């Protein structure tokens, strides 16, 4: 192909590498799944070693880890915090509650999945899914945002 | 001397004579705190 | 001053740094120390009116030292005349005023 | 030095005229007061350094300290005004006319 | 040649700042029985570069209600004050030899607390403004205790120069004559840098990266200043590389001491921090200030002007 | 293990060796194999200006000894 | 007795104020005790920041020396032996 | 000239950093804070008085300088003691 | 490099003009900080670094910190102040020009710019820097020393008494 598209592809590689190497989350943590989140933060799995910084503010956050049961009383707060997060933002839903309501699916005060409120990038299944599996979801997110070609789309505009 | 430009004045008194923080503690996150502070 | 407690008790709370020719740290003379000393030596003991009338020569010398108004007038006149002779071109600067001279310590 | 001293005196004059022409902000009035204070400090310091008056270089230090305590007093007064009226607007300060 | 010296001073300082972020991550991980970043790069050496590139690549969420003037001014001011703080430092020879370099340092810290105050007022939130006022009060109180401590130790030294400090330190460390002062100075530098246990903690992407850069640069500088003042490196007129290496080693130990303290201790309360300073340091600071006034008088050890 | 942090220690140690050593070397190179003469007082500045005037090349660091005296 | 107990339990509960006050008192009293206090003033007087202007002698004063390398004058052997 | 060059380079570097940072993505008053602010003003001006001591240590009249410095640091201590006794140092209703 | 001090004085005049023009008090304090830095630069250019670092360390260092702090506990646009500021700076340029041409060498001289900054300096000599006399306030002017100390002590008493409420 053209020489300019090669440079554009390499620039996409650099930008995607930066975004997946420096992935700062805030965990909108509610429950059991947030406990298992901090077990992934724990020294065995070491997302800080992976480049993923524990306890970041929503202003400095890249991905929101929806960890727990999203209730009707909490969904406006979830949407507000998601709106306060800057534009390059991803969503990792974790657990059956945040995925599709889970064990409280037929409840009067439980939102059937956080995808009804925020656009979810990756769903992590389990109740709770292990910290091993959540770290799998994070690495899958890094691969997914490695697959992005934003300057390639812009050049092909 | 009450004139039109000074008749609205009143004599001085003989003796010459709570706004608080309504903070919302929260996403440090499933806890809401309406917290009433004096400084 | 209005009250003379300092003169009555003989102390000098603030009288020893009144002017430039007063006491200085490590004997560092201020500018126009000699001129101000001459003015004070003239003006002492005769009062303000006779100091203004009679010590006008000393006061004018001290004021000229302190403000350099006539010095600025003279140097500006010299520079303006030199610039005019630059413009009409009948004069050239010497090597020592053009930055090319043999230095001396 | 005479041009810069003239500029400093015009700066003091502008700050004084700003002090004399009030706006809604007593904070702005105090800031103009310290514009005058700062201009006074520069004129005193340049005069002392030009005259080599080592005996009188403490005078800028004294004007700085004294004017700073005076402005601390004024800031305390502005705090009292802001507490009693919500704001520091000088038109709220007018019930001593009668 | 002077511009080359400027470049070879400032660029390695920024490299030291980025790798200070990396070594803080690694030391905190290894003190928490885990590892630092090592996947990003060979042994994590590309992790600060990835962090900086992501921070400059992410769009800054700029609220329109925030004043663009102050939003611009605060981080650029903080970074330029960190670098201006770095310039007048002799290692054992400075880029710029100032007559009153320590006064320059302290007043540059005053302009830094302007920077944090302006950022807090620009951040249009009442909680942000409250935390800003708390942080300015913290920085201000530890600045006044730094100024008095530093005044007394230079009363022992002789002048506000730093080569005079090197000549003072060429026989022994100032830590032995002024070690309680050294402890209070260390705590004061900690609370200036807002490190744990004095952190007591708004901006996204670009400004956040700039503030992070300036804060870590100030951390390295407080370590370097503590080294140069209190713990004199070995100085010889025929070789300055020994002084540079020894100052390097002591600065690395002091930076590791800040990371050590952050790992070890829980943070203070705001009332406890003000109580600690205004009721334990400043009485001791004033008493030791008058003691160090008295010391050369009754020992006849008045230092020279040069 | 704990020695894995020593890469970062080595990078920081190196990049604090460059500034001071480079500053001293640039001072020696710009002043002719000698330290940069400091003028903390007007006496030292006057000495620098005197050396600059004696040296005859408008650089103060060209010191002249007894070869200038018969 | 009671005063000694007051300083003792003050030192027990909080030594910061005790150390600061003792350092205050020591800073007051030690210039009045040490024999080196006058030597600081002597050294500051002996330090020659200014040129010593020579005096035109009429021969009526013999205390001033004609030469710097003379036994006459304020030598600093006390400073060398300090 | 050197310090002017370094400060200009510093400001230019910080300005270009904020410029590439932008171009690359394409009330209830509390009295006690004012109290510690003015206490800092007073103590900072007392520092401004205390600062010339590295040159005041070289004076001939060391006794008078020592007495003035002792009196000044004593009134620092007395003012701080006043504020401590009248509760200007605590954060309590 | 001879117009450096005049450029600094003009910048100080511009900052004082804006401060008199009275923007929102945060921006007024910013202009006062700029004017303080400029005054520091003028003092450093004219003489010893000590008085400049008093401006830069006590005036800038503490005093406008407390001004900014007290403004921060206060509260407040209309963008007119910039319009009168640019009008004031072009009027200032015109005024200094007409004063320069009209008074020949009086208060302002174009040819005399930079010629009369340092009048007379002791080229050979130690004990000339600006901190020496201010240190002699400890010895020569003990009355200065004690009135400044009593001013600060009384100011403490005054401030807690006023804010006692």
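We just call them A, B, C, D, E, F, G, H and I in the order they show up, numbering each chain from 1.
Here is the rule we go by: a contact is a pair of C-beta atoms (placed from the backbone, for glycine too) under 8 Å apart; a residue touches a chain by one contact, two chains touch by 3 or more.
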Steps in the shortest chain-to-chain touch route ending at subunit F and beginning at subunit C: 1
Selected interface, C-D versus H-I, where C-beta contact pairs are more numerous: H-I
Cα-centroid distance, subunit C relative to subunit H, in whole angstrom: 39
Chain centre separation in whole Å, for subunit H relative to subunit G (CA means): 31
Centroid distance [mean C-alpha coordinates] between subunit I and subunit E, Å: 28
Subunit I: positions in contact with at least two other chains: 50, 54, 57-58, 61-66, 69-70, 73, 75, 109, 112, 116, 119-120, 122, 125-129, 132-137, 140-142, 144, 148, 152, 155, 159, 163, 165
Junction residues of subunit H - those touching two or more other chains: 27, 29-31, 33-34, 37-38, 40-42, 44-45, 47-49, 51, 53-55, 58-62, 66, 69-70, 77, 91
Touching two or more other chains - residue numbers and ranges from subunit A: none
Partner subunit D, residues of subunit B touching it in the complex: 9-12
Partner subunit I, residues of subunit G touching it in the complex: 49-50
Touching residues on subunit B, where the partner in the complex is subunit H: 19-21, 37-39
Partner subunit C, residues of subunit D touching it in the complex: 2, 50-56
Interfacial residue positions of subunit C with respect to subunit G in the complex: 26-27
